[PDB]
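The block underneath contains the structure these notes are about, expressed in structure tokens.
Every read-out reported here was derived from the displayed coordinates using simple, explicitly stated rules and does not represent laboratory data. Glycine gets a Cβ as well: all are built from the backbone with ideal geometry, and neighbour counts include every protein chain shown.
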Amino acid sequence: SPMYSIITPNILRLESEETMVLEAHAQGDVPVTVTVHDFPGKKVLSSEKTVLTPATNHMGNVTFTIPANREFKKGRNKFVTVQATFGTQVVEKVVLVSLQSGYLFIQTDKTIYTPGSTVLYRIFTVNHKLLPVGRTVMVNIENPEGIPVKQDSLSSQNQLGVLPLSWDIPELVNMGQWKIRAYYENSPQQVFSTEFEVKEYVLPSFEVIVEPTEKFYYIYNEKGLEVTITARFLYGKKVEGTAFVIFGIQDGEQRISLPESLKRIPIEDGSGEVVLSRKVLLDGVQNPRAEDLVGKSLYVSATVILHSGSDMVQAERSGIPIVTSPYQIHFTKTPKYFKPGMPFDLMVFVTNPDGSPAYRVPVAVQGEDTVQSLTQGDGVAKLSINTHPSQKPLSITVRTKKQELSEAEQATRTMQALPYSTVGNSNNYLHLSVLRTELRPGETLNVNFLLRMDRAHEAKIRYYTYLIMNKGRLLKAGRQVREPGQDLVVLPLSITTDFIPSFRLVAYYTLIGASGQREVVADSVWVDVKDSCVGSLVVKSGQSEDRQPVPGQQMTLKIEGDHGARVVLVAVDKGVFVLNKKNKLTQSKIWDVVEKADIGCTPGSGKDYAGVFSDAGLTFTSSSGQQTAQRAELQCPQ
Amino acid sequence: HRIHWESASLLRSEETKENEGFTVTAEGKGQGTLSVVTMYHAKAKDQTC
Amino acid sequence: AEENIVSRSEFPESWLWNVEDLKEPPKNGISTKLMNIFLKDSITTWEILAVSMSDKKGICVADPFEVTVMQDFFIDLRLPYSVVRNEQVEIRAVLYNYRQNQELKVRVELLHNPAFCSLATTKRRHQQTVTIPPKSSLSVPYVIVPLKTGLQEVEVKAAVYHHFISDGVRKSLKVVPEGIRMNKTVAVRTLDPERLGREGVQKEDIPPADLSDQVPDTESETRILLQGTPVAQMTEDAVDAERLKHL
Amino acid sequence: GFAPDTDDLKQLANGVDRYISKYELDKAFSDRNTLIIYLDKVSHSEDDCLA
Ligand SMILES: *[C@@H]1O[C@H](CO)[C@@H](O)[C@H](O)[C@H]1NC(C)=O
């Protein structure tokens with residue numbers, strides 16, 4: 001019997017482009033009409049038509065654009081009913097629409113301001129493709145108390161995404177954390193924030209950094225903790241002065257200081273050498289046991305005074321961890337479900353206990369032997385373990401076999417894994433495991449399609465259909481034949497600049513479960529790409545670096561970028577970064593915002609195929625009655 | 001000024017330099033808040049060391 | 001000496017807040033743009049940032065470009081945020097030298113401010129000459145009395161002998177009237193027609209502020225703040241749908 | 001035109017609670033415009049006098 005199904009994203013946004021996929025399992029020229037009409041009720045939004053091609057095995061490269069409607073408006077959220085008909089049969093499903101029509105990146109020229117100056121800011125209105133779009137925005141400027149002092153409403157029509165606004169700070173004003181909250185006119189709950197200081201300050205003349213030789217702290221150090229002072233002028237020179245160093249402990253919503261560890265040191269040519277002894281730290285608290293300090297971090301507060309007694313630079317390196325083991329293991333990018341029989345690779349993320357990735361560190365298993373790996377720049381290791389074919393849950397921990405270290409400093413953590421619920425006990429799985437390397441644009445990734453079926457029906461899987469989901473959209477679709485006798489195929493995919501920051505590569509194919517009955521076996525795997533720009537924007541000097549710039553002189557700046565792009569410049573002193581380096585715009589911040597707003601949080605391979613697609617962010621529906629669940633919120637639970 | 005429910009909770013500040021009596025007219029239907037505060041300098045100069 | 005020589009005045013904390021369009025034909029997807037900009041008089045490091053909004057690829061922020069601005073001999077005038085009228089204050093004029101092997105014998109001056117009371121006078125002006133060994137720092141303390149409230153100017157100029165190297169710095173500081181800045185709440189009122197008014201229209205009188213102990217020769221600020229109080233009420237979400245699964 | 005004496009600063013650095021930088025020591029009469037003193041503790045019961 002001919003078989004048909006729908007492939008749609010889990011969430012679609014207004015005023016954007018959405019793509020669905022259709023497959024026929026029914027060779028012949030058959031037209032399909034897709035109709036989008038609002039829910040609840042039957043009021044029509046859009047309608048598209050497209051004819052399949054037998055010579056192409058009937059892929060759905062069909063798209064639609066949801067109308068820019070206005071009566072969608074308060075109360076509870078809203079759903080949309082999407083319908084498809086290939087001439088003779090009807091399949092419809094409910095999808096969720098998002099008020100998050102795009103992203104607003106508010107960037108200010110500074111971080112800290114004075115009463116009597118001007119806040120200058122740019123709102124960058126992008127869509128979920130990070131592309132300029134024209135909308136209407138409502139902007140509020142809130143005082144530190146929490147009530148707006150100014151509100152505005154601008155339009156971004158034919159402005160290329162740049163909305164430059166300004167605000168004047170009164171000379172008689174309240175000091176503290178001022179806020180700018182901008183949201184799209186259609187979405188009052190899409191509030192984007194930018195907090196900046198208002199203070200009575202003056203520019204520091206140098207930056208002081210306090211850095212530890214060992215970036216962590218160990219309980220059983222017989223020497224102490226050594227921290228060094230690098231006080232350098234903001235133009236990169238060396239100082240001569242003195243400094244005061246104190247320590248403390250970062251407990252819960254409090255700060256305990258140790259006046260005994262109040263040391264004074266001569267900064268000898270931009271250098272210092274401060275040693276905190278173990279006895280002073282022990283006498284700081286009244287705990288008979290040092291092990292009770294595990295789970296709390298120290299902070300070092302330094303203050304450097306010049307030999308002229310002019311400037312006043314108080315710098316703090318808060319969060320120096322005290323840990324028995326200098327390595328911490330994570331399961332952030334590792335799935336919580338294991339594949340029996342199939343080798344279950346683990347994405348191992350071992351780092352310094354404050355998030356900075358480790359390097360050249362192996363991984364060990366309590367039972368497994370001779371198996372070890374190495375850590376690359378990103379901080380991810382690799383392993384392969386064969387799993388129990390039965391329904392026994394697997395709980396394993398990651399240990400370290402690092403040399404020149406004691407066996408009592410190896411971290412551990414119990415991880416809970418759940419077996420996949422195979423329909424009909426067919427023992428058919430899927431694994432899109434990828435070799436973990438440094439992914440760069442313009443390179444080729446040899447994606448592996450791991451397969452494990454039974455000889456009874458392995459030869460009946462003619463082809464595999466793969467889908468790429470990036471930023472919550474179907475980035476690309478494709479097919480690859482699977483002739484009998486092959487257990488592994490390699491797809492040399494040319495990774496382009498459109499795969500940043502990541503892409504969920506999900507794969508699906510039809511199956512018959514043990515008696516004339518339709519089933520779908522599918523799975524997705526989380527793949528991340530090195531986070532550089534989608535475009536290529538760099539800034540440098542058009543000169544030949546002959547000599548240093550001099551105040552009041554001109555330099556011919558060179559900017560390299562795309563064609564048809566609007567580049568905005570901001571020159572800001574690093575003294576504001578000295579006073580307040582918080583809340584600065586970086587591409588990593590943009591990608592983190594995208595990921596937090598991405599439709600997926602679990603790596604994939606849920607309890608069932610419906611769970612697999614819910615993790616992958618997809619909705620599949622067919623005439624057989626199989627359907628997935630729905631979600632109403634915007635961010636993943638917990 | 002006009003106060004609407006959608007545009008409420010906004011700091012409408014009117015600035016004055018001269019110390020004189022004021023007359024406000026609150027009309028329409030609903031409620032509201034009004035605060036008049038004079039920020040100045042006082043000759044309570046104590047010792048600052 | 002310090003008459004035909006200009007000084008440094010433009011010390012902004014954020015500049016180059018500009019926009020630019022890339023319209024040169026592409027060369028393998030890269031467009032070259034040669035633009036002339038003038039670095040500020042400030043002697044520090046500038047973190048130039050660029051954000052590109054392309055209609056085909058997307059948004060992109062460039063890795064921060066640090067420009068280092070340097071001089072082999074300059075002056076930095078360090079001032080507090082604000083001063084108080086009719087008080088003695090002291091300010092720091094640091095002279096920085098980064099010439100590895102050269103002894104410096106420099107003449108330093110500050111021009112008088114009619115709104116300041118220092119030793120500088122229209123005729124009797126500062127004339128001091130100090131010595132800096134190479135690769136060291138100095139400090140000149142200056143005594144000032146603020147006289148009138150406002151944003152005032154501080155001038156410093158320095159010239160090195162036997163070299164054609166000079167510097168000048170202009171800075172702005174706030175002068176604050178003596179006393180404690182306080183906020184005597186003149187009035188707080190609730191505005192409600194047909195409840196406290198007389199048949200719709202209302203009129204409420206606000207008496208003049210007390211200001212009994214105000215410092216003379218100062219100007220005050222009366223702020224009238226208006227706000228709307230939400231009276232959000234009942235009729236929230238109705239009965240859940242679970243009870244309707246039998247009809 | 002004024003400058004603190006050197007032997008007095010040497011004596012102060014020899015004594016406790018008083019610290020003067022070594023760089024200040026080899027900073028002879030030619031340039032001693034500003035001085036810096038650090039006190040380990042300040043007596044609140046009485047007045048600590050240094051000349
Ligand atoms: C007056 O200012 C002080 C801070 O100096 C603040 O604590 C207080 O809340 C203010 N009161 C009013 C009525 O503005």
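Could you compute the FRET efficiency for residue B:15 and residue C:100, with r as their C-beta to C-beta distance and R0 at 60 Å, rounded to 0.05?
Step by step, r from the Cβ atoms, then E = 0.60.
Would you kindly derive the ³J(HN,Hα) couplings of the stretch C:133-144 from the backbone phi angles with the Karplus curve 6.51 cos²θ - 1.76 cosθ + 1.60 (θ = phi - 60°), listing them in order in whole Hz, with x for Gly and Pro?
x, x, 6, 7, 10, 10, 6, 10, x, 10, 10, 9
Quick one: Karplus J couplings for the stretch C:218-232, per residue in order, coefficients 6.51, -1.76, 1.60, θ = phi - 60°, nearest Hz, x for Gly and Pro?
10, 10, 9, 9, 9, 9, 9, 10, 10, 7, x, 8, x, 10, 3
Explain nothing, just compute: Karplus ³J(HN,Hα) = 6.51 cos²θ - 1.76 cosθ + 1.60, θ = phi - 60°, for every residue of the stretch A:460-465 in order, whole Hz, x for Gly and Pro.
After applying 6.51 cos²θ - 1.76 cosθ + 1.60, I find 8, 9, 6, 8, 10, 10 Hz.
Rounded, prolate or oblate: which fits chain A, taking a ≥ b ≥ c as square roots of the Cα gyration tensor eigenvalues, rounded meaning a/c under 1.5, else prolate when a/b beats b/c?
oblate
Taking chain C, how much of its Cα-Cα pair set, in percent, is spaced more than 29 angstrom apart?
62 percent
Nearest 0.05, what FRET efficiency do residue C:151 and residue C:90 give at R0 = 22 Å with Cβ-Cβ as r?
With a Förster radius of 22 Å, E is 0.65.
Looking at the stretch C:1-64, how many pairs of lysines come closer than 27 Å at the Cα, when each pair is eight or more places apart or spans two chains?
Taking the Cα cut-off of 27 Å, the pair count is 7.
Given H placed on each backbone N at 1.01 Å, which residues far from residue B:42 in sequence or on other chains put an amide H within less than 5 Å of it?
C:180, C:182, C:215
Counting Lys and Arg as +1 and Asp and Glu as -1, what is the net charge of the other residues whose Cβ lies under 11 Å from the Cβ of residue D:50?
Residues close to residue D:50 contribute a combined charge of -3.
Using the number of other C-beta atoms within 10 angstrom as an exposure proxy, rank C:162, A:25 with the fewest first.
By the 10 Å Cβ count, ascending, the order reads C:162, A:25.
In units of 2.2 N^0.38 Å, what is the alpha-carbon radius of gyration of the stretch A:59-200?
So the Cα radius of gyration is 1.39 times the expected 2.2 N^0.38 Å.
Please order A:37, D:44 by the number of other Cβ within 10 Å, starting at the fewest.
Least to most surrounded, the residues fall as D:44, A:37.
Given the DSSP H assignment, sum -39500 (n - 2.57) over each helix run of at least 4 residues in chain D and divide by its residue total; what's the result at 222 nm in deg cm²/dmol, nearest 500?
Theoretical 222 nm ellipticity from helices: -6000 deg cm²/dmol.
Find which of A:357, C:211, A:133 sits farthest along the positive direction of the dipole of the protein assembly as shown, computed with +1 on the beta-carbon of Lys and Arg, -1 on that of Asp and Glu, about the Cα centre.
Selected residue: A:133.
Name the residue from A:538, A:554, A:590 whose Cα lies farthest towards the positive end of the charge dipole of the stretch A:533-596, charges +1 on Cβ of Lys and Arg and -1 on Cβ of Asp and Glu.
A:590
If each of residue A:303 and residue A:595 carries a label point 7 Å out from its Cα toward its Cβ, how far apart are those two points in nm?
The modelled label-to-label distance comes out at 3.8 nm.
Pop a pseudo-label 7 angstrom from the Cα along the beta-carbon direction at both residue A:629 and residue D:51 and give the gap in nm to one decimal.
8.6 nm
Enumerate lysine pairs in the stretch A:103-203 that are 8 or more residues apart or on different chains, then count those whose Cα atoms are under 22 Å apart.
6
Based on Cβ point charges of +1 for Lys and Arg and -1 for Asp and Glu, what charge dipole magnitude is obtained for the protein assembly as shown about its Cα centre, in debye rounded to the nearest 20?
Charge dipole of the protein assembly as shown: 2460 debye, to the nearest 20.
Counting only other chains, and only Cβ atoms inside 10 Å, what mean value do you get across the residues of C:34-41?
5
For the stretch A:533-596, what class follows from the C-alpha gyration tensor (a ≥ b ≥ c being the square roots of its eigenvalues): rounded when a/c is under 1.5, otherwise prolate if a/b is larger than b/c, else oblate?
oblate
Over the Cα atoms of chain D, Rg to Rh with Kirkwood Rh, two decimal places?
Using Cα coordinates only, the ratio equals 1.00.
Summing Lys, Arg as +1 and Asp, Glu as -1, what charge do residues with Cβ under 13 Å from the Cβ of residue A:171 carry, residue A:171 excluded?
-2
May I ask you to order D:30-37, B:14-21 by the average number of other C-beta atoms within 10 Å around their residues, highest value first?
Top of the packing list down: D:30-37, B:14-21.
Which far-off residues, 5 or more places away or on another chain, put their amide H under 5 Å from the one on residue A:238, with H placed in the peptide plane?
HN-HN under 5 Å from residue A:238: A:233.
Using a 10 Å cut-off on Cβ to Cβ distances, tally the other chain neighbours for every residue of A:571-583 and report the average as a whole number.
Shielding by partners across A:571-583 averages 4.
What is the sum of charges, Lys and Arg at +1 and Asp and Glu at -1, for the other residues whose Cβ falls under 10 Å from the Cβ of residue A:119?
Overall, the nearby charge balance is -1.
About its Cα centre, what dipole magnitude does the stretch C:1-62 give when the only charges are +1 on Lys and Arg Cβ and -1 on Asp and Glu Cβ, stated in debye to the nearest 20?
Charge dipole, the stretch C:1-62, about its Cα centre: 540 debye, nearest 20.
Among C:83, C:17, C:32, which residue has its Cα furthest toward the positive end of the charge dipole of the stretch C:1-137, with +1 on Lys/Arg Cβ and -1 on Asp/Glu Cβ?
Of the listed residues, the answer is C:83.
Determine the gain in length on full extension of the stretch residue C:55-residue C:194; use 0.36 nm per residue of separation and subtract their C-alpha separation, reporting nm with one decimal.
Computed gain between residue C:55 and residue C:194 is 44.3 nm.
Modelling each spin label as a point 7 Å along the Cα-to-Cβ direction, I'd like the residue A:638/residue C:205 distance in nm, to one decimal.
Label at residue A:638, label at residue C:205, 6.6 nm between them.
Given charges of +1 on the Cβ of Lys and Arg and -1 on the Cβ of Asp and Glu, with all other atoms neutral, how large is the dipole of chain C about its Cα centre, in debye to the nearest 20?
For this selection, approximately 860 debye.
Return B:5, A:591 ranked ascending by Cβ neighbour count within 10 Å, so the fewest neighbours appear first.
B:5, A:591
Between residue A:277 and residue A:117, what FRET efficiency comes out of the Förster formula 1/(1 + (r/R0)^6) with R0 = 41 Å and r the beta carbon distance, rounded to 0.05?
0.35
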